[PDB]
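Since the structure comes first, as structure tokens, the remarks are kept for the end.
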Amino acid sequence: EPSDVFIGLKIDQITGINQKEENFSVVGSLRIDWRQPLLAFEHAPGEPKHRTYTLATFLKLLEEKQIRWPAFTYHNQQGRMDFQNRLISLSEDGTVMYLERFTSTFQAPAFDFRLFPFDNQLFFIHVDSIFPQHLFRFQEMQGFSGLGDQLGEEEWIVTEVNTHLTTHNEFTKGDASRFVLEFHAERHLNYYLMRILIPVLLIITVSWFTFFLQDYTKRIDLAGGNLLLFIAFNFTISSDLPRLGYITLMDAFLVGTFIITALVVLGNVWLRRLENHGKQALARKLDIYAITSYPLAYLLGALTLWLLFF
Amino acid sequence: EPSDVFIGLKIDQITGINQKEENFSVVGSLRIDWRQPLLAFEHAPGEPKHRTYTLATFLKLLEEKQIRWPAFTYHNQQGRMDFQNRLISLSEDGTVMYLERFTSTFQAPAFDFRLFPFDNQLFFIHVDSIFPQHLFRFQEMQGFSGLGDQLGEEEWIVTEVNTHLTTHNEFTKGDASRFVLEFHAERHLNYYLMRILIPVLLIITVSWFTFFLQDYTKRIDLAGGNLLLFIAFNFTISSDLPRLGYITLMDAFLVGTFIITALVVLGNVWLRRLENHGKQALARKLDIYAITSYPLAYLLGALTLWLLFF
Amino acid sequence: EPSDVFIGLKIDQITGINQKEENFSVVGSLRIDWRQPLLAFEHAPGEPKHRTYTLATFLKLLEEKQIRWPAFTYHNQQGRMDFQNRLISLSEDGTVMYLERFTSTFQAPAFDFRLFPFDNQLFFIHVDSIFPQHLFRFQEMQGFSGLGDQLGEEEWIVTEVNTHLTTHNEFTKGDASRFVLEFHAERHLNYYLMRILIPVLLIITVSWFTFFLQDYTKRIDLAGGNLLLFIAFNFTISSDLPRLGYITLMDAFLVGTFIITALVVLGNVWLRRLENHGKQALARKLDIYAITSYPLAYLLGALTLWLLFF
Amino acid sequence: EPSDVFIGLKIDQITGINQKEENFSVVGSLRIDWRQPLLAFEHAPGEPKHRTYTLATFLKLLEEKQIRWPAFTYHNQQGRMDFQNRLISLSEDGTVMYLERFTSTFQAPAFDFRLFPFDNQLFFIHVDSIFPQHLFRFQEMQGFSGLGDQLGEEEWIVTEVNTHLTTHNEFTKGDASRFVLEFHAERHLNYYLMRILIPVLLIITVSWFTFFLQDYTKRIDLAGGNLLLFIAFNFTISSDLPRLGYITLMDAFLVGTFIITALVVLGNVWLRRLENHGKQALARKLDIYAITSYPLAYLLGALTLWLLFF
Amino acid sequence: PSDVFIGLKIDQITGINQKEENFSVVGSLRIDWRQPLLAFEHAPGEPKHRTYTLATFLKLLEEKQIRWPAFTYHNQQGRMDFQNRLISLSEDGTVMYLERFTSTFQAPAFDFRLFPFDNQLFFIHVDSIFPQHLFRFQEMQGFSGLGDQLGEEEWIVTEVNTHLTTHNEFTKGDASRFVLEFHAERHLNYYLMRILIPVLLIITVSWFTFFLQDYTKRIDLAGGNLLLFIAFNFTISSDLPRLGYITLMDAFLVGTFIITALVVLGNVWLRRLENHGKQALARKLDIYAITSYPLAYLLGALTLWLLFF
Ligand SMILES: CCCCCCCCCO[C@@H]1O[C@H](CO)[C@@H](O)[C@H](O)[C@H]1O
Ligand SMILES: CCCCCCCCCO[C@@H]1O[C@H](CO)[C@@H](O)[C@H](O)[C@H]1O
Ligand SMILES: CCCCCCCCCO[C@@H]1O[C@H](CO)[C@@H](O)[C@H](O)[C@H]1O
Ligand SMILES: CCCCCCCCCO[C@@H]1O[C@H](CO)[C@@H](O)[C@H](O)[C@H]1O
Ligand SMILES: CCCCCCCCCO[C@@H]1O[C@H](CO)[C@@H](O)[C@H](O)[C@H]1O
Ligand SMILES: [Ba+2]
Ligand SMILES: [Zn+2]
């Protein structure tokens, strides 16, 4: 028969979410409760009912007693797992109580940037049993798992936390236990608002003010430089994300500003071409269309993305 | 009955405060005094009264003697704790004297940037007992804890240091001991003064000098470029802080310079529109308002933030 | 006679491909099946048929029993290999079942950037036996090796995976076993399209629009600044790659835009020289060649690279 | 009575001096000579007179023999100390000869940037005895300590090296031994000359050449842009240093160039105001003061800092 | 003294960091050392070669009261990440040791005076802690050198050498030192494509505009060119340490500053002539201004080439 292994995982801290590398880093406590009757002991009156062991004088004790421990792996772990505590408390009964306090980076392969910066992402930790379900079965330790109240994350906001059990077939033919701690998080848009939206809108709005000067060459010079600024913002955005094979909402927004700016250059080239061919009165009458085209083009673009993405 | 565990923590160095990641790094010495009568030993005349042990031939000795040690965790620790010394001195009495010399990063979740750069922050180290208060009780080792006199921090300045004891319920149902070393620090404004305030004020002041040239087009070109400079300073500031979900005093200050610059472009567009419509004498008379508006707008903005934040 | 050592390697994650350092990083599981009759054991009825050991109480057991283990090296490994699990399961038969779960960077010396960004690269992991083929022979463990289905890589896309066995002569005179896990990957061009192709083409296209203004000095100023922008893009590209001794397709493309821009400056200098020497009507008639030269030069350049590289 | 512990420290390499973090990194060899009569041994003819031990089979031997070793700490150490060698040679007499070869970062709290880049700094390594002077007394091992002849540092130049012994009271009530290896280093100014002084002087000198063009508007545009360049150099300098609470010689120099540039804008605004009010002949006569003011202002500024700092 | 056979092979050059003057390699260290005291008797059927993990082998040496040839990688920096540390002990007492590692090593031989046309010396120093009366290092033949898949793209190894010398680090008397040395030169393609071609383009296309005959436009052009060169000056400085000496590249950039400064100065003079009603004079002299520019840069190029070669 298989022995129940009680898994508990609690994330105390979110040391950071690195979206360029699609991983996240946490400070967490792993807790296991496992009754092995073979590990039970007799104690004399006055002698302790609970034996405290350092993993691995405990592992050395299991090898001596020829006992198999529920060897597990953090399936989505990355790099070094820095440990704080690896402590065992063994009761008279044979109940092993294990605590693993660590700092570690975990793969975040659920990353979908299609609606960035208005995106919601799934983050998880996979705890897998190396041995199959006929030997060990993972159970949910109640009263433990979840996320703490001082995570330290400022950009992200955790919407919900879940825990569940599933099978995996990594090293075995037969099903093996897998404990899952999942959490969903959405973004605080303040950074994007203050650094990208407000500046891009300002550049567009104050550039439109200069249309009231009625100098077509000055408009052309202005839209030309604006195009370079947007190319620069394009690089600012691209630095936050991986080199994706798909278009983001932000990417569409920037390509949109390129297209409109390109057309602003094209249109004011036409009006100045009229002035150059002795048709200044015509260009001055059409100028109302040039002045009102600019806000309509950006308002048409904004409605196009909002439709294409929502 | 529970055994008193005497906790002492001393920060020798502040290797740095990383406000983007909301953590801090220290070189510290942890000192513990714990009397365990079971660890007492008899010595022969001439033989040593104090046994010196490396943790973990000492831990190996505790496991042998079936003794439980006051297992603790640095609750707000992050990543690897690099140790320099982990030494035990055991007296005939059974008094364990432990010294833990380490370098470590700790979570700084008390970070409030709302008044940045005029902010004061709380930094702490949490030392928690894994075992509850019925087994072990943390006591304040007197004559030890605090901060050193060569911390090596140049930007921050420590205003006060405190030590206190409280309960926690991390791994247990019942209350467990927690030692706290807390310190408050404020910022040296010289960097912000020299690199952000003086340059932003200079750009504004020398830009106003050119109003005395009486060229409205030149003013428009100047305010336009100034707006781009402020957008660049906006990115310079944002690089120092996390991607916060809230507005800082600095953020308000930069948004303020955007608004005024936007209006300077708008106003000088109007004056130049008057000149273009054969009303140069009118624009020249109103020019006194345009020239005196600029300093009043920035002085009105400065009083608005100072009221909105103080 | 030689003993068959069954090698299995599975890449769970591609933590990243760093093309500037020509290496890649993976999370992988190494699996070995090796029957050593000398390690066989007798067990009593009811006692376990499978002994579970931590490498290296298992290594300590081999040294005791004076047995030589199939010592191996990851030949193309770089830096620290962070281990998650190093576990042995020893059957009554003497069948050692070893699992090595690790995170590691590996040298990528197969990097050929000549057709970048339209390049396809070879990535491999070399597992070598330290002892020669007369002692140990590597065999392909079936049902294991390959790449997982949640690699987490966004820019690269794996085209095919292969496993094979070959000889090496690293530390021995005679041939020694080598297990090879190879994979080919091509690039998602979306990043290059959105950040380099679209911006470079936009700068060129909107710059051509201004030719319709018929101001030769303005064209010269525009081409001059465009040349500086391309020099800046040249640095943006160079930051992605190592300091190669050869020319890439991208390098040819940028040098191409330099040459054409240099000639645009040269040509419009000539047309403006005609206007300056009272030959404005001649320069205006030739202007059709100057306006249609620009698109033909870039279209001629594009066909030259496409021929020179394909 | 107390036992003499002979301390020797030799820095082989300066892997770098990081002035932003106020620390330095070295590759060093620590050498200790300590006679413990209790460790003396009898050897049979033919058997070795010197026993070679790995620290810590040697430490395991001390714990067995119930002997206390002169436990020490590198007081100003930071982070991980990567060890190369930790070897003991024990003579028949009981003379322990210890060698500790390591790479480590050390706190540099003596950093005074007030005269940067013409500054001279103190760098030290503190080796402290954990046990007081009644048990162990540190002595200077002669013929060892100092700095090597291939340190590998290119910017800094070591002026002098010193070694001395003092007391500390870190973990004890009574005085405890402290070994000090101190060195003074000054900076090679070539980087600052080539990248900051020559460029800033060039910008100022070639900008003055254009005064001979007699275009006041062109001067205003030039001084305005020069001010932006100095603001950029201001950021270039600030990146090298910590966010100090005090003004450096460099900071004064940059603030100086801001003030003069601000005044150049102010003065040429006045001359152009004269020209605009039909007083061109007056502005042309005064122009000699404007042309000779510029070099006098920068020469007056240079004498002010040189007095204020020397 | 007992002969200790040292062999060192660099499999990979993980990188050369010229700003920190160090280099990083993946290497295999191989030692052959006969200690008769370690010899063993084996029964028929029992193994003739005992395989040990360093340090059950070191634990065996301490037991047998034997001194091992303790060594240090003298020019090593930071952590040496090990892959393999394996011993094979023959019946004879021949210890066969293999040390597979990744490590950074100090490169103190760095001479940037002719950068980017420089050739540098890189080495690894393996020192015996014990003197030559106890242990003597010998060259293990058939092993040492550099591999054929080093993975370095900018540098090209010109030659590899191995030799033995003495050191006096921890002892009064001479102690053995094994040296693996290699010389490497640079692939100039990066400098050509990113620094030479752009700087020459800026200079050449800027000269084209002289044919416009607008002295103010030339002044504005040379002024901005000076700022571009100041920016390239920072681009170059980022690759190297904060040296106390001038490089060929530094001289080249200072050269472009001087010529650009003079271009501003000269066209200020020509425009001063035009402003003082002497346009026909400035137009005749303009041939000297137009032909001065290429001569100044060609004179500068010959000055550096002489001063450095
Ligand atoms: C740029 C946003 C602010 C617009 C307000 C109008 C005043 C002019 C601001 O300077 C402009 O900056 C562009 C970007 O570099 C240049 O291309 C352009 O020639 C220049 O006139
Ligand atoms: C900019 C602060 C200094 C102001 C002093 C007046 C002289 C002109 C300085 O150059 C100006 O720089 C702006 C920013 O890029 C450009 O938009 C603008 O067109 C340009 O004239
Ligand atoms: C630059 C791509 C957009 C071209 C559209 C035409 C309008 C002008 C845009 O500003 C231009 O930017 C160049 C780059 O800095 C300068 O050299 C040039 O003098 C300036 O006029
Ligand atoms: C700038 C140092 C070189 C001065 C030599 C005179 C020629 C003009 C160089 O270009 C100038 O660059 C400034 C900085 O951006 C701009 O503000 C200014 O309007 C522009 O004319
Ligand atoms: C700059 C190399 C290309 C030269 C070709 C001539 C066309 C003009 C290119 O723009 C120029 O860029 C300089 C650098 O910022 C400015 O100083 C200058 O005023 C501006 O006109
Ligand atoms: Ba401009
Ligand atoms: Zn006593």
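Protein sequences, first through last, are from chains C, D, B, E and A.
Mapping of the first sequence onto the deposited numbering: position 50 corresponds to residue 56, and the numbering continues sequentially without gaps.
Mapping of the second sequence onto the deposited numbering: position 81 corresponds to residue 87, and the numbering continues sequentially without gaps.
Mapping of the third sequence onto the deposited numbering: position 216 corresponds to residue 222, and the numbering continues sequentially without gaps.
Mapping of the fourth sequence onto the deposited numbering: position 104 corresponds to residue 110, and the numbering continues sequentially without gaps.
Mapping of the fifth sequence onto the deposited numbering: position 154 corresponds to residue 161, and the numbering continues sequentially without gaps.
C-beta atoms are modelled at their ideal positions from N, C-alpha and C, and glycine is treated no differently.
Any C-beta of chain A under 7 Å from that of B/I237: Mapped onto the third sequence, residue 237 of chain B falls at position 231. True, the Cβ-Cβ gap to chain A drops below 7 Å.
A/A308 classed as buried or exposed, judged by whether at least 16 other C-beta atoms fall within 10 angstroms: In the fifth sequence, residue 308 of chain A corresponds to position 301, counting from 1. A/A308 should be labelled exposed.
Proximal residues, the stretch 146-175 of chain B versus chain C, C-beta separation under 7 Å: From the stretch 146-175 of chain B, only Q156, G158, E160 and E161 have a Cβ closer than 7 Å to chain C.
Below-7 Å beta-carbon distance, D/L288 vs any chain C residue: By one-based count along the second sequence, residue 288 of chain D stands at place 282. False, the Cβ-Cβ gap to chain C never drops below 7 Å.
is_contact[B/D88, chain C] using C-beta, thresh 7 Å: As a first step, residue 88 of chain B must be located in the third sequence, where it is residue number 82. Chain C has a Cβ within less than 7 Å of the Cβ of B/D88.
Which of helix, strand or coil DSSP assigns to B/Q19: Locating residue 19 of chain B in the third sequence gives position 13, where the first residue counts as 1. It is a strand residue.
Bounding residues of the beta strand (DSSP E) (the contiguous stretch that carries B/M87): Within the third sequence, numbered from 1, the residue matching residue 87 of chain B stands at position 81. Residues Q83 to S97.
Distance, B/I210 Cα to C/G230 Cα: Taking the first residue of the first sequence as 1, we reach residue 230 of chain C at position 224. Taking the first residue of the third sequence as 1, we reach residue 210 of chain B at position 204. Each residue's alpha carbon lies about 11 Å from the other.
Alpha-carbon spacing of B/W312 relative to A/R193, whole angstroms: Taking the first residue of the third sequence as position 1, residue 312 of chain B is located at position 306. Taking the first residue of the fifth sequence as position 1, residue 193 of chain A is located at position 186. Distance from the CA of B/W312 to the CA of A/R193, rounded to the nearest whole angstrom, comes to 30 Å.
Any non-hydrogen atom of ligand 4 closer than 6 Å to E/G231 Cβ: As a position in the fourth sequence, residue 231 of chain E is number 225, starting the count at 1. At least one heavy atom of ligand 4 is nearer than 6 Å to the Cβ of E/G231, so yes.
Length of the line joining the Cα atoms of D/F124 and D/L195: One-based indexing of the second sequence puts residue 124 of chain D at position 118. One-based indexing of the second sequence puts residue 195 of chain D at position 189. For D/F124 and D/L195, the gap between their C-alpha atoms comes out near 8 Å.
Three-way DSSP call (helix, strand, coil) for residue 7 of chain A in this model: Absent from the structure is residue 7 of chain A, since the part of chain A shown begins at 8 and ends at 316.
Under the three-state DSSP convention, the category B/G14 falls into: Numbered from 1 along the third sequence, position 8 holds the residue referred to as residue 14 of chain B. In this structure, B/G14 counts as strand in the three-state DSSP scheme.
Contact between the stretch 153-168 of chain C and the stretch 105-112 of chain C (3+ Cβ pairs under 8 Å): No contact exists between the stretch 153-168 of chain C and the stretch 105-112 of chain C.
Endpoints, beta strand (DSSP E) assigned at E/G34: Position 28 of the fourth sequence, counting from 1, holds the residue named residue 34 of chain E. Here the beta strand (DSSP E) through E/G34 covers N29 to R41.
8 Å Cβ cut-off: residues of chain D touching C/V33: Here residue 33 of chain C is taken as the residue at index 27 of the first sequence, counted from 1. For C/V33, the neighbours in chain D by C-beta distance under 8 Å run, in chain order, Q83, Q84 and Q113.
Chain B contact for C/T60 (CB, 7 Å cutoff): Within the first sequence, the letter at position 54 stands for residue 60 of chain C. It does not; no Cβ of chain B falls within 7 Å.
DSSP bridge partner residues for E/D134 (one or two, in chain order): Against the fourth sequence, residue 134 of chain E aligns to sequence position 128. In the DSSP assignment, the residues bridged to E/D134 are E/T79 and E/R184.
Alpha helix (DSSP H) runs wholly inside the stretch 200-270 of chain B, at least 4 long, in chain order: If we require 4 residues or more, the alpha helix (DSSP H) runs fully inside the stretch 200-270 of chain B come out as 204-215 and 222-244.
Per DSSP, the bridge partner or partners of B/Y59: Taking the third sequence and counting its residues from 1, the one referred to as residue 59 of chain B is at position 53. DSSP output for B/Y59 lists B/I94 as bridge partner(s).
Residue span of the beta strand (DSSP E) that contains D/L105, given as start and end: Walking along the second sequence from the start, residue 105 of chain D turns up at place 99. That run of the beta strand (DSSP E) goes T101 to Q113.
E/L228 CB to nearest heavy atom of ligand 4 below 6 Å: Here residue 228 of chain E is taken as the residue at index 222 of the fourth sequence, counted from 1. Relative to ligand 4, the beta carbon of E/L228 is positioned inside 6 Å of a heavy atom.
Beta-ladder partner(s) of D/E192, from DSSP: Reading the second sequence from its first residue, position 186 is the one you call residue 192 of chain D. D/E192 is bridged to D/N126 and D/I163.
E/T178 (DSSP reduced to helix, strand or coil): To locate residue 178 of chain E, count along the fourth sequence from 1; it is residue 172. Note: E/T178 maps to coil in three-state DSSP.
Where B/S9 sits in the DSSP three-state scheme: The residue you call residue 9 of chain B lines up with position 3 of the third sequence. DSSP places B/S9 in strand when its eight states are reduced to three.
Start and end residues, alpha helix (DSSP H) containing A/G307: Working through the fifth sequence from its first residue, we reach residue 307 of chain A at position 300. Per DSSP, A/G307 belongs to the alpha helix (DSSP H) from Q286 to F315.
Backbone CA spacing between C/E176 and C/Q113 [nearest angstrom]: The residue given as residue 176 of chain C occupies position 170 in the first sequence. The residue given as residue 113 of chain C occupies position 107 in the first sequence. One alpha carbon belongs to C/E176, the other to C/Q113, and they sit about 17 Å apart.
Secondary structure of C/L171, DSSP reduced to three states: Translated into positions along the first sequence, residue 171 of chain C becomes position 165. Strand, per DSSP.
Contacts that C/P138 makes with chain B (C-beta to C-beta distance below 9 Å): Along the first sequence, read from residue 1 onward, the residue named residue 138 of chain C stands at position 132. Within chain B, no residue comes near C/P138; the closest Cβ sits about 12 Å away, beyond 9 Å.
Given B/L233 as reference, the closest of A/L121, A/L208 and A/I294 once Cα atoms are compared: The residue you call residue 233 of chain B lines up with position 227 of the third sequence. Check the Cα spacing between B/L233 and each of A/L121, A/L208 and A/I294: the tightest is with A/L208.
Under 9 Å by beta carbon: chain A residues contacting B/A268: Taking the first residue of the third sequence as position 1, residue 268 of chain B is located at position 262. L208, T211, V212 and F215, listed in chain order.
Contact set for A/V270: own chain, Cβ-Cβ below 6 Å, skip 5 residues either direction: Translated into positions along the fifth sequence, residue 270 of chain A becomes position 263. So the list reads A229, once near-sequence residues are dropped.
Partners in chain B for C/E281, counting only beta-carbon separations shorter than 8 Å: Counted from its first residue, the first sequence places residue 281 of chain C at position 275. Neighbours of C/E281 on chain B: none; closest Cβ ~10 Å, over 8 Å.
Simplified DSSP assignment, three categories, for E/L272: Numbered from 1 along the fourth sequence, position 266 holds the residue referred to as residue 272 of chain E. E/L272: helix per DSSP, three-state reduction.
Inter-residue Cα distance where the pair is E/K66 and E/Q42: Sequence index remark: in the fourth sequence, residue 66 of chain E carries index 60 (1-based). Sequence index remark: in the fourth sequence, residue 42 of chain E carries index 36 (1-based). C-alpha of E/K66 to C-alpha of E/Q42: approximately 16 Å in a straight line.
Residues near C/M87 by beta carbon distance below 8 Å, same chain, minus five either side: If you number the first sequence from 1, residue 87 of chain C lands on position 81. The beta carbon of C/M87 is closer than 8 Å to those of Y80, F108, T109 and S110 in its chain, skipping five residues each way along the sequence.
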